[PDB]
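Asker:
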Amino acid sequence: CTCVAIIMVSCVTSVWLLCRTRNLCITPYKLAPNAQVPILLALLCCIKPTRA
Amino acid sequence: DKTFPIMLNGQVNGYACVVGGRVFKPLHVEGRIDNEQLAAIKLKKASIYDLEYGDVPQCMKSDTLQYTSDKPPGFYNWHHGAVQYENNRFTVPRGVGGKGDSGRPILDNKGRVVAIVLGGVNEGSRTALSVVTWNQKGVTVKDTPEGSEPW
Amino acid sequence: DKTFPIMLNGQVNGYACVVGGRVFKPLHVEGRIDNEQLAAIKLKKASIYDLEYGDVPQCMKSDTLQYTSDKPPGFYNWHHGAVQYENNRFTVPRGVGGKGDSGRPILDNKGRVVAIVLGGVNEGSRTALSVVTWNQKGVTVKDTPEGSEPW
Amino acid sequence: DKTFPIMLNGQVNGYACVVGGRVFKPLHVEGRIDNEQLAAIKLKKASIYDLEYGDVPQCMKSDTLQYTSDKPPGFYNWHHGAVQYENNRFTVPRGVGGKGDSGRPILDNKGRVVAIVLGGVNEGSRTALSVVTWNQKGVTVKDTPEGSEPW
Amino acid sequence: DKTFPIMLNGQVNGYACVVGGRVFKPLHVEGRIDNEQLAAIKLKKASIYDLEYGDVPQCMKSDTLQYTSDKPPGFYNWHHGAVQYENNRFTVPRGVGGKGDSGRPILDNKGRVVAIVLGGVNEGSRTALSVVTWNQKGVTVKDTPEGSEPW
Numbered sequence: 369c370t371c372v373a374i375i376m377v378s379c380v381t382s383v384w385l386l387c388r389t390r391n392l393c394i395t396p397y398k399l400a401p402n403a404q405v406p407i408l409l410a411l412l413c414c415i416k417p418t419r420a
Numbered sequence: 111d112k113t114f115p116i117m118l119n120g121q122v123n124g125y126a127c128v129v130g131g132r133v134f135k136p137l138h139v140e141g142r143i144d145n146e147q148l149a150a151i152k153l154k155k156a157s158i159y160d161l162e163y164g165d166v167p168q169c170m171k172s173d174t175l176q177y178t179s180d181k182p183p184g185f186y187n188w189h190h191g192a193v194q195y196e197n198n199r200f201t202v203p204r205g206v207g208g209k210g211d212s213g214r215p216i217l218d219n220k221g222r223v224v225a226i227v228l229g230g231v232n233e234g235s236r237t238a239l240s241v242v243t244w245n246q247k248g249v250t251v252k253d254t255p256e257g258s259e260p261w
Numbered sequence: 111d112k113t114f115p116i117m118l119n120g121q122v123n124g125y126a127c128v129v130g131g132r133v134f135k136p137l138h139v140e141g142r143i144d145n146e147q148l149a150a151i152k153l154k155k156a157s158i159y160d161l162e163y164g165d166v167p168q169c170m171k172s173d174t175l176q177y178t179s180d181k182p183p184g185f186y187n188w189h190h191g192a193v194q195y196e197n198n199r200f201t202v203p204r205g206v207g208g209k210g211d212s213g214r215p216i217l218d219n220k221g222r223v224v225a226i227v228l229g230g231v232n233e234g235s236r237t238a239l240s241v242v243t244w245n246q247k248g249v250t251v252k253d254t255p256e257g258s259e260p261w
Numbered sequence: 111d112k113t114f115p116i117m118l119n120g121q122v123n124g125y126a127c128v129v130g131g132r133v134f135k136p137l138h139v140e141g142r143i144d145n146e147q148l149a150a151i152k153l154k155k156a157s158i159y160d161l162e163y164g165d166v167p168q169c170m171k172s173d174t175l176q177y178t179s180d181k182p183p184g185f186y187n188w189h190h191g192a193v194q195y196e197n198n199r200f201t202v203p204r205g206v207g208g209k210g211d212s213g214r215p216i217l218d219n220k221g222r223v224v225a226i227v228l229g230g231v232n233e234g235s236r237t238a239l240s241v242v243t244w245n246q247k248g249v250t251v252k253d254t255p256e257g258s259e260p261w
Numbered sequence: 111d112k113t114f115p116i117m118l119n120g121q122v123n124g125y126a127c128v129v130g131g132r133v134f135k136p137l138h139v140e141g142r143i144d145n146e147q148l149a150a151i152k153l154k155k156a157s158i159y160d161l162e163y164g165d166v167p168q169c170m171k172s173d174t175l176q177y178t179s180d181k182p183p184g185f186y187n188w189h190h191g192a193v194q195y196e197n198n199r200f201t202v203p204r205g206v207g208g209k210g211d212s213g214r215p216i217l218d219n220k221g222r223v224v225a226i227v228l229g230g231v232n233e234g235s236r237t238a239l240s241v242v243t244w245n246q247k248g249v250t251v252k253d254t255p256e257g258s259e260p261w
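So this is what it looks like as structure tokens:
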């Protein structure tokens, strides 16, 4: 019971670290839709595809 | 230009600007926009880059165009006067730089918005404005001089 | 006249008309009546007769009066033109009858309302109107052409 | 003077005058102040004088000075007439003093507020009106005549 | 008249007036005096009455004669305007009430100082001054309004 609490706490901590990186993946580029996006920062590190 | 202000207890303490597709609002001010269409928008909080939501429908999009790259340091338009600096903001005289003047856009000679003011009340005889802009490739940056109180 | 429209998300999508004693609003549209006097009145459901409670205050009652039977074919004025028929409304030419025209009363030459437009956006060569009507002896009915899309 | 009237279901029901030190609003009448600056005043109940707590900010206070006691029996300018008495109230021409228009201040020739009306609808050919007043040394005393009626 | 600004780091930040019998200087400001013969004045702290020691010799005595009690509410010779009330200070308009001009006296029509200002930066629409007065027989009184920042 102590073991399964450690895995549950560490899973929701790393995935909130990754979600904060996910939110900061797109925030410097949502304010300017006219700016081009690199192909490295679209699929490998971040998730978003080319749109519009 | 179309710039709806922000009302709180009868007085005006901020301004909300509209660019192509998206609606801007400073985080430092609290209140409701006078446009009832803009009140139903789900504006979300974010970091210093001031990300909000442009959830407006199709009938009034692209009010003005945001200024692209290749920025010269010459003349630029402003609501209370003129600014003439690219890396920084110009030392505008007094009158402008009081309280509740946040969110006012800075336009170009073709009517293209370049920057949005956020601070820099007064820094002596020379007043510097803390604005957001795009540095080289359209990536939104935030430039803040020293001693820039929220204005 | 006295016809306060309904606004949802800051956009006019329907019109609510007041007849003697009771207010009539189409229930296939959504929103809120902009009058603060009208918004304090409860709403009760019905059929597509589109009934709303007539709990109006004393200072405003008997604004527009309805028209009974013995209705001529005649010529009846309309807010975007004219309609000249008795059994149905006149099939008005195209362009007239866009979106947001529901709930508009059709009046006589003496100001007597004889119909309230609900549906019938497109009806082939000319657009017929799907209105509510008072019959040959004072009972409200509803007339619909086939293939009438609602507003 | 700048006295904001009360609003109830559109029509007026009374006048809430503003005197320096404490704003005056009759609790005999009902409604809400439509002004946004006076809507933030906390509604505190009081004694039989029908008084509202004066939580007005001090900058827009004392714009209307109030007359002290020991008044002369001379002329006083009512909003729709003139009153000439000291202890009792002089007769007003008939017709004025209906319903839902009380709370209007009785001023002097110097513009100072002398008295605040609360009653006196119809009291025969000689129109007497129930009022609050300052008796001899500044004591706020309500005087109501025989057979008084609320306004 | 005869007033001395206080020299602190090159800019003016306060005014040190002189009354017949005893000189004055605001305690909340600091710096150096602008007179060679006032450099021997013993600086001391005191209570909220703003009490200094006027040990100047007879060579520059009897500059500004003081005024007694029973001050009329008429006109007064303020340096940037006028004051027309006795128990409270007159509501001076905007513009006046900046910063760093404490200790400025208020003159009478007979060339007599009646008061010394201390603070009241800004209150909003009007401005109230925290000033010293004499109540009934010559006893020194410090009078302050609510929310008076030193000025």
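Protein chains in written order, with the deposited numbering: chain E, 369 to 420; chain F, 111 to 261; chain L, 111 to 261; chain I, 111 to 261; chain C, 111 to 261. Don't be surprised by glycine CBs; every beta carbon is placed ideally from N, CA and C.
List, in chain order, every chain L residue whose beta-carbon is nearer than 7 Å to that of F/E146.
Answerer: Position 36 of the second sequence, counted from the start, is the residue given in the question as residue 146 of chain F. Those are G120, listed as they occur along chain L.
Asker: Starting from F/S157, find everything on chain E with Cβ-Cβ shorter than 9 Å and list it in chain order.
Answerer: Along the second sequence, one-based indexing puts residue 157 of chain F at 47. Those within 9 Å of F/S157 in chain E are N391, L392 and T395.
Asker: Which of the residues in the stretch 210-244 of chain C, read from start to end, lie with their CB under 9 Å from any CB of chain I?
Answerer: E233, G234, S235, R236, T237 and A238
Asker: For the stretch 158-176 of chain I, which residues have a CB atom closer than 7 Å to at least one CB atom of chain C, in sequence order?
Answerer: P167, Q168, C169 and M170
Asker: Taking the runs of the beta strand (DSSP E) that are 3 residues or longer, which of them lie wholly in the stretch 145-227 of chain I?
Answerer: 186-188, 191-193, 215-217 and 223-227
Asker: Run through the stretch 378-415 of chain E for me and flag every whole alpha helix (DSSP H) of 4 or more residues, listed as ranges in chain order.
Answerer: 408-411
Asker: Please name the residue in F/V206, F/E140, F/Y125 and F/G248 whose C-alpha comes closest to that of F/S235.
Answerer: As a working note, residue 235 of chain F is residue 125 in the second sequence. Among F/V206, F/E140, F/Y125 and F/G248, the Cα nearest to that of F/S235 is on F/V206.
Asker: Let me see if you follow: with CB-CB separation under 8 Å, is E/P417 close to chain F or not?
Answerer: Numbered from its first residue, the first sequence carries residue 417 of chain E at position 49. With 8 Å as the cut-off, E/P417 does not count as an interface residue toward chain F.
Asker: Within 10 angstroms of its Cβ, does F/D218 collect 16 or more other Cβ (buried), or is it exposed?
Answerer: As a first step, residue 218 of chain F must be located in the second sequence, where it is residue number 108. The residue in question, F/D218, is buried, as its Cβ has 16 or more Cβ neighbours within 10 Å.
Asker: Which chain E residues sit within Cβ distance under 7 Å of F/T250?
Answerer: Numbered from 1 along the second sequence, position 140 holds the residue referred to as residue 250 of chain F. Near F/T250 (Cβ distances below 7 Å), the residues of chain E are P396, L399 and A400.
Asker: Step through the CB atoms of chain F and report whether any lies within less than 8 Å of the CB of E/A410.
Answerer: In the first sequence, the residue the question calls residue 410 of chain E occupies position 42. Chain F contact via Cβ: absent.
Asker: Going by alpha carbons, who is nearest to F/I116 out of F/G131, F/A149 and F/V129?
Answerer: Position 6 of the second sequence, counted from the first residue, corresponds to residue 116 of chain F. Here the closest residue by C-alpha is F/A149.
Asker: Which of helix, strand or coil does DSSP assign to C/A126?
Answerer: Along the fifth sequence, one-based indexing puts residue 126 of chain C at 16. Three-state result, C/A126: strand.
Asker: Using only CA atoms, which one of I/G230, I/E146 and I/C169 lies nearest to I/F114?
Answerer: Position 4 of the fourth sequence holds residue 114 of chain I. For the residues I/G230, I/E146 and I/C169, the minimum Cα distance to I/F114 belongs to I/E146.
Asker: Tell me F/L118's beta-bridge partners as DSSP assigns them.
Answerer: Indexing the second sequence from 1 puts residue 118 of chain F at position 8. DSSP output for F/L118 lists F/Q121 as bridge partner(s).
Asker: So with Cβ pairs under 8 Å, would you call F/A150 a contact of chain L?
Answerer: Position 40 of the second sequence, counting from 1, holds the residue named residue 150 of chain F. So, interface residue.
Asker: Smallest Cα separation from F/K247: which of E/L399, E/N391, E/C379 and E/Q404?
Answerer: Residue mapping note: residue 247 of chain F aligns to position 137 of the second sequence, counting from 1. That would be E/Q404, whose Cα lies nearest to the Cα of F/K247.
Asker: How would you label C/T243, buried or exposed, when you count the other beta carbons within 10 angstroms and need 16 or more for buried?
Answerer: For the purposes of this step, residue 243 of chain C is taken as the residue at position 133 of the fifth sequence. With 16 or more Cβ atoms within 10 Å of its Cβ, C/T243 is classed as buried.
Asker: Kindly indicate the opening and closing residues of the beta strand (DSSP E) around F/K252.
Answerer: Translated into the one-based positions of the second sequence, residue 252 of chain F becomes position 142. Where F/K252 is concerned, the enclosing beta strand (DSSP E) stretches over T250 to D253.
Asker: Under a CB-based cut-off of 8 Å, is C/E256 close to chain I?
Answerer: For the purposes of this step, residue 256 of chain C is taken as the residue at position 146 of the fifth sequence. C/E256 has a beta carbon lying within less than 8 Å of a beta carbon in chain I.
Asker: Determine, using beta-carbon pairs with one atom in the stretch 176-194 of chain F and one in the stretch 220-239 of chain F, whether at least three such pairs fall under 8 Å.
Answerer: yes
Asker: Quick one: what's L/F134 bridged to in DSSP?
Answerer: Looking up residue 134 of chain L in the third sequence gives position 24. Note: L/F134 sits in a beta bridge opposite L/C127 and L/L161.
Asker: For the beta strand (DSSP E) containing I/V242, list its first residue and its last residue.
Answerer: Taking the first residue of the fourth sequence as position 1, residue 242 of chain I is located at position 132. Its beta strand (DSSP E) spans residues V241 to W244.
Asker: Assuming L/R204 and L/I216 form a contact by the criterion Cβ under 8 Å, report the distance between their Cβ atoms to the nearest whole angstrom.
Answerer: By 1-based counting over the third sequence, the position of residue 204 of chain L is 94. By 1-based counting over the third sequence, the position of residue 216 of chain L is 106. That pair is no contact at about 19 Å.
Asker: Can you find a CB in chain E that lies within less than 8 Å of the CB of F/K181?
Answerer: Here residue 181 of chain F corresponds to residue number 71 of the second sequence, with the count starting at 1. Taking Cβ atoms only, chain E never reaches closer than 8 Å to F/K181, which makes this a no.
Asker: Got a sec? Which residues, its chain only, sit under 7 Å from L/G230 by beta carbon, not counting five neighbours each side?
Answerer: As a first step, residue 230 of chain L is located in the third sequence; it is residue number 120 there, counting from the start. Result list for L/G230: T237, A238, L239, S240, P255 and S258, in chain order.
Asker: Per the contact definition of three or more C-beta pairs closer than 8 Å, is the stretch 155-171 of chain I in contact with the stretch 125-136 of chain I?
Answerer: yes
Asker: Where L/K154 and L/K171 are concerned, what is the direct C-alpha to C-alpha distance, given to the nearest angstrom?
Answerer: The residue labelled residue 154 of chain L in the question sits at position 44 within the third sequence. The residue labelled residue 171 of chain L in the question sits at position 61 within the third sequence. The alpha-carbon atoms of L/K154 and L/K171 are separated by roughly 20 Å.
Asker: Do E/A400 and F/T174 have their C-beta atoms closer together than 8 Å?
Answerer: For the purposes of this step, residue 400 of chain E is taken as the residue at position 32 of the first sequence. For the purposes of this step, residue 174 of chain F is taken as the residue at position 64 of the second sequence. In this structure, F/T174 does not lie closer than 8 Å to E/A400 by Cβ.
Asker: Do L/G124 and L/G210 have their beta-carbon atoms positioned less than 8 Å apart in this structure?
Answerer: As a working mapping, residue 210 of chain L is identified with position 100 in the third sequence. As a working mapping, residue 124 of chain L is identified with position 14 in the third sequence. Cβ distance < 8 Å, so L/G210 and L/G124 count as in contact.
Asker: Give me, in chain order, the residues of the same chain whose beta-carbon lies closer than 6 Å to that of I/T178; leave out the 5 immediate sequence neighbours on both sides.
Answerer: Taking the first residue of the fourth sequence as position 1, residue 178 of chain I is located at position 68. Around I/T178: no qualifying Cβ.
Asker: State the Cα-Cα distance for the pair C/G141 and C/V202, rounded to the nearest angstrom.
Answerer: In the fifth sequence, residue 141 of chain C corresponds to position 31, counting from 1. In the fifth sequence, residue 202 of chain C corresponds to position 92, counting from 1. Those two C-alpha atoms are separated by around 28 Å.
Asker: Could you pull the DSSP bridge partners for F/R142 from this structure?
Answerer: Translated into the one-based positions of the second sequence, residue 142 of chain F becomes position 32. F/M117, per the DSSP bridge assignment.
Asker: Shorter than 8 Å from the beta carbon of F/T178 to some beta carbon of chain B?
Answerer: The structure shown contains no chain B; its protein chains are E, F, L, I and C.
Asker: So what's C/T237 in DSSP terms, helix, strand or just coil?
Answerer: For the purposes of this step, residue 237 of chain C is taken as residue 127 along the fifth sequence, with counting starting at 1. Three-state DSSP puts C/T237 in a strand.
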